[PDB]
Amino acid sequence: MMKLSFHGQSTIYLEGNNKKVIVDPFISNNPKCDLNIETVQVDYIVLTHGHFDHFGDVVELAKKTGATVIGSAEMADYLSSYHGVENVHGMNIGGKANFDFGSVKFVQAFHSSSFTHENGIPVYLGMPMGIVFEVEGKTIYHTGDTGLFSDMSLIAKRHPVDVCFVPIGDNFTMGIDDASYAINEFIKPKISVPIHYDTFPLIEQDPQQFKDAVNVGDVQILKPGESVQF
Amino acid sequence: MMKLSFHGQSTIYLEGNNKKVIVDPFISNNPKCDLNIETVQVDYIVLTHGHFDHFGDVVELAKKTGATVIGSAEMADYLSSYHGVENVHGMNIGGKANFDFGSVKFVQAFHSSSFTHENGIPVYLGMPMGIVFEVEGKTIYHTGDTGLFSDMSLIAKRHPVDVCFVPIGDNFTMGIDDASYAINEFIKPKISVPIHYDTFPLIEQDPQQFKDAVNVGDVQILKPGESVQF
Amino acid sequence: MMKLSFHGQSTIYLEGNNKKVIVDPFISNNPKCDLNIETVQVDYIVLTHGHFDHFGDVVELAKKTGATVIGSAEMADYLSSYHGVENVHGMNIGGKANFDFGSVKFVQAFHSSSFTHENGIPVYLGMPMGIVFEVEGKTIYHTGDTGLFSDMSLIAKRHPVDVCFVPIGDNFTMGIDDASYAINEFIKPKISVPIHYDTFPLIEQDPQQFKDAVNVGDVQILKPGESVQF
Ligand SMILES: [Cl-]
Ligand code: NI
Ligand code: NI
Ligand code: NI
Ligand code: NI
Ligand code: NI
Ligand code: NI
């Protein structure tokens with residue numbers, strides 16, 4: 001069974017052909033994240049966007065493991081030239097790349113992508129994105145941080161989805177209503193997993209309300225550390 | 001009757017539960033704005049995007065009044081860490097937050113969002129946005145600065161609109177044909193108010209051309225200072 | 001016959017009412033581009049976004065020719081205030097402007113828009129855009145660098161397209177499958193020209209796979225220097 005686990009906020013982990021992939025590795029500064037910077041093994045890191053709660057420990061993790069960081073062209077240049085990360089792969093929206101683990105395709109999201117420096121100036125890191133993985137015959141749609149958009153149904157029709165990770169926190173993303181609508185109306189995956197809630201007071205939600213509002217496929221409310229059952 | 005008035009370019013003012021809310025306060029540097037920084041009373045400032053003709057007097061207005069500034073996460077960081085604004089609430093697209101005035105939900109726009117510093121370098125302030133307010137049983141859709149997009153119909157279906165503020169200036173936003181198509185095809189509000197024209201030579205339009213081309217609901221051509229008649 | 005030519009990556013050149021317009025002038029540093037910055041004559045330069053492979057020689061080209069640079073508000077601010085470019089016209093998505101050559105209208109794209117200064121800090125230059133030209137009775141849709149989006153069909157239905165320039169390079173934009181779907185399903189132009197391939201190893205594509213996959217209108221595989229046959 002394909003290995004795919006949730007680890008708090010928008011952090012997911014998966015294996016394809018014995019290669020380890022993490023998304024949005026907010027580990028050391030998320031007390032609800034079950035992962036440890038010291039012990040996690042990865043060959044690749046994929047970033048949906050540059051916000052602190054996704055960017056997280058990418059620099060320290062990339063350096064320690066020698067993992068390749070996949071993201072926007074701006075993100076790749078930033079990690080490379082500002083942070084000195086040796087192994088980066090720049091991409092953009094609609095772009096697909098084949099790696100030894102499987103494929104990464106970046107899709108559109110509605111949000112922002114920046115990392116705020118000490119002077120208070122946000123450093124722009126491209127348009128925010130979602131990820132479509134094809135790994136061991138499974139199609140995984142991580143929506144990233146996003147508002148509701150009708151082209152979610154274009155992404156899902158062109159890439160029928162096994163597992164969708166969808167933010168339900170509200171304030172900074174879709175809340176319960178928009179995220180359930182996204183699943184019911186546009187994505188219709190076999191498995192839905194809600195993400196990006198409870199990490200901060202502002203995004204505390206009852207994921208049961210999400211599960212009650214979803215009428216299509218299976219909803220799996222994964223706590224940090226738990227894996228998707230296929 | 002709910003208090004809702006236009007003050008030139010994209011500046012709207014409203015009252016909910018006796019709290020005063022201003023959007024995109026371009027006051028001191030807009031000669032056609034009937035408002036004055038010294039006398040304007042506000043509890044909340046909402047910014048659709050960072051451009052000078054929307055950002056306007058937010059810093060000086062926020063310190064004089066102690067008003068809370070609601071905007072993108074980047075806007076909140078920038079205003080707080082760079083300009084030292086005391087009271088900010090960071091949000092992002094698809095996010096909804098409940099205040100004592102009513103609710104504010106950010107939605108997508110197609111435009112840009114930055115404030116250009118002395119040296120010609122823009123500061124990135126997120127993706128540009130529109131606003132859905134629910135205030136005193138009214139749904140208000142300020143589209144912000146945007147081009148035409150079909151998800152205007154999704155925003156409107158999910159949040160049936162009482163008043164829509166829609167830019168008609170062209171060059172920088174929708175002109176007459178697109179704005180009127182947005183109203184007739186996608187949004188279909190009870191009341192349409194054209195905004196973002198005549199302030200500069202480049203965005204001079206006859207709003208009567210807009211009202212002529214709209215076939216749905218009621219078009220109220222408001223001069224700065226004039227309120228919406230419900 | 002109206003003059004319209006492809007010069008590698010996303011560089012196009014056209015003439016209307018004896019005025020010369022270039023798009024994304026990446027000349028000096030593209031070895032597959034047949035143009036020479038010393039001999040290139042233009043009255044107008046149009047920028048879809050700020051990536052180096054589009055920005056290209058805009059500053060040197062603009063000063064030598066006195067050409068007006070048309071782009072995003074941010075691009076206009078940046079070229080003017082930072083680079084001292086004399087003649088700029090700021091626009092934004094959905095905005096249309098009439099020139100002696102014909103009309104330019106900016107439309108949305110899904111990509112990023114920056115130019116990187118030292119140490120991997122991007123200068124933000126707005127949302128990335130496509131262009132709708134109306135020149136000597138022809139409608140040209142340059143999609144810019146973009147992923148697939150359904151509003152390609154709104155743009156094409158509101159502005160029926162004679163020539164579409166569409167990226168097929170993949171990784172950083174649509175690849176073969178997405179680009180051919182865009183043409184077949186959404187744009188349906190008289191003529192399709194694939195762009196943004198072969199220039200770098202990462203974006204190497206056989207444009208015959210695109211032509212075989214397109215079922216609507218005529219596909220013209222232009223080598224750098226070749227012109228559209230109407
Ligand atoms: Cl759409
Ligand atoms: Ni975020
Ligand atoms: Ni987030
Ligand atoms: Ni603006
Ligand atoms: Ni504006
Ligand atoms: Ni690009
Ligand atoms: Ni490019």
Side-chain angles (χ1 to χ4, degrees), chain A residues 8-12 23-26 29-30 47-56 72-75 90-95 109-116 122 125-130 142-147 165-174 195-200 202-203, chain B residues 72-74 76-77 90-95 106 126-127, chain C residues 8-11 23-26 29-30 47-56 109-116 125 128-130 142-147 165-174 195-200 202-203:
Chain A
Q9 193 68 159
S10 305
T11 312
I12 71 171
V23 172
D24 295 1
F26 185 51
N29 283 326
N30 184 190
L47 306 176
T48 59
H49 74 292
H51 287 160
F52 76 93
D53 56 316
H54 300 262
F55 195 86
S72 77
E74 282 85 355
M75 175 65 76
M91 294 178 74
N92 223 316
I93 298 172
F110 292 94
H111 198 66
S112 45
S113 187
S114 72
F115 192 90
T116 298
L125 294 170
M127 287 182 68
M129 312 182 283
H142 188 316
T143 68
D145 287 11
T146 196
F165 298 94
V166 66
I168 72 158
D170 219 328
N171 191 261
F172 304 97
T173 65
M174 301 194 278
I195 63 159
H196 203 279
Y197 66 95
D198 283 350
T199 320
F200 313 106
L202 223 23
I203 66 178
Chain B
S72 73
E74 286 87 351
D77 286 352
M91 294 182 69
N92 222 314
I93 291 159
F106 282 117
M127 287 180 67
Chain C
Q9 194 67 164
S10 300
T11 309
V23 167
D24 298 353
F26 182 45
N29 279 10
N30 181 7
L47 300 183
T48 65
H49 68 301
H51 288 156
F52 72 89
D53 64 310
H54 303 260
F55 201 74
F110 290 93
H111 193 69
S112 49
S113 191
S114 62
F115 194 93
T116 305
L125 299 170
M129 311 189 272
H142 192 305
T143 66
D145 287 10
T146 193
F165 297 94
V166 63
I168 69 145
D170 217 331
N171 196 76
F172 298 110
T173 74
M174 292 187 299
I195 60 170
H196 204 280
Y197 66 103
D198 273 7
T199 318
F200 314 109
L202 229 35
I203 65 164

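Side-chain atoms are counted along with the backbone in the values below, which use heavy atoms only and exclude waters and symmetry mates. So you know, we letter chains A, B, ... as the sequences are listed, proteins then strands, and number each from 1. Each ligand, and each atom within it, is numbered from 1 in the order the structure gives.
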Counting backbone and side-chain atoms alike, does A:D145 have an N/O/S atom under 2.8 Å from the Ni ion (ligand 2)?
yes
Report the relative orientation of the aromatic rings in C:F52 and C:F26; use parallel for angles under 30°, tilted for 30 to 60°, perpendicular for over 60°.
perpendicular
Going by heavy atoms in the side chains, are B:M127 and A:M127 under 4.5 Å from each other?
yes
Output the atom name for the N/O/S atom of A:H51 with the smallest distance to the Ni ion (ligand 2).
ND1
Can you say whether the rings of A:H142 and A:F165 are parallel (under 30°), tilted (30 to 60°) or perpendicular (over 60°)?
tilted
A:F115 and A:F55 aromatic ring geometry - parallel, tilted or perpendicular at 30°/60° bounds
tilted
Could you confirm whether A:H54 has any N/O/S atom lying under 2.8 Å from the Ni ion (ligand 2)?
no
Tell me, which N, O or S atom in A:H49 is closest to the Ni ion (ligand 2)?
NE2
Under 2.8 Å from the Ni ion (ligand 3), is there an N/O/S atom belonging to A:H196?
yes
Parallel, tilted or perpendicular, as decided by the 30° and 60° cut-offs, for the rings of C:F110 and A:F110
perpendicular
Please state whether the separation between the Ni ion (ligand 3) and some N/O/S atom of A:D53 is under 2.8 Å?
yes
